[PDB]
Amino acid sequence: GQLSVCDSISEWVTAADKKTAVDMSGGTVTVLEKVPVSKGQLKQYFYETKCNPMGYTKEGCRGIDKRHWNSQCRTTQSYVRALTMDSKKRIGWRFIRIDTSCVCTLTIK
């Protein structure tokens, strides 16, 4: 089988654990806990992946030509739509950034 170059962990995160987030514009936004749908309410939550802080890859990535390279695992983010409310208390669907991966970055030694 295979093996990741960087160790990651995923987790379900509710808007309740989250609270605030940054939108595609730079603004801090509050993420609403429930969204009104046809029948009733829908608890708002997200699936997040990030570099495992206690994984083997905590100091450099796995399989790296240490001769020519320095390396490092880092959590990268992506844009997901969410019902949110801004600073001017406006409610609406916005793209907010959430962790979705752990990737490896190299710098020439």
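Residues carry their position along the shown sequence, with the first being 1.
The question of which stretch, 60 to 68 or 22 to 30, has the higher mean Cα B factor is settled in favour of 60 to 68. In this entry, the higher average B-factor at the C-alpha atoms falls on 5 to 13, of the pair 5 to 13 and 91 to 99. The entry lists C-alpha B-factors for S78, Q44, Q41, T49, and the highest of these is at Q41. Ranked within its chain, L83 lands in the lowest third, by CA B factor from the PDB record.
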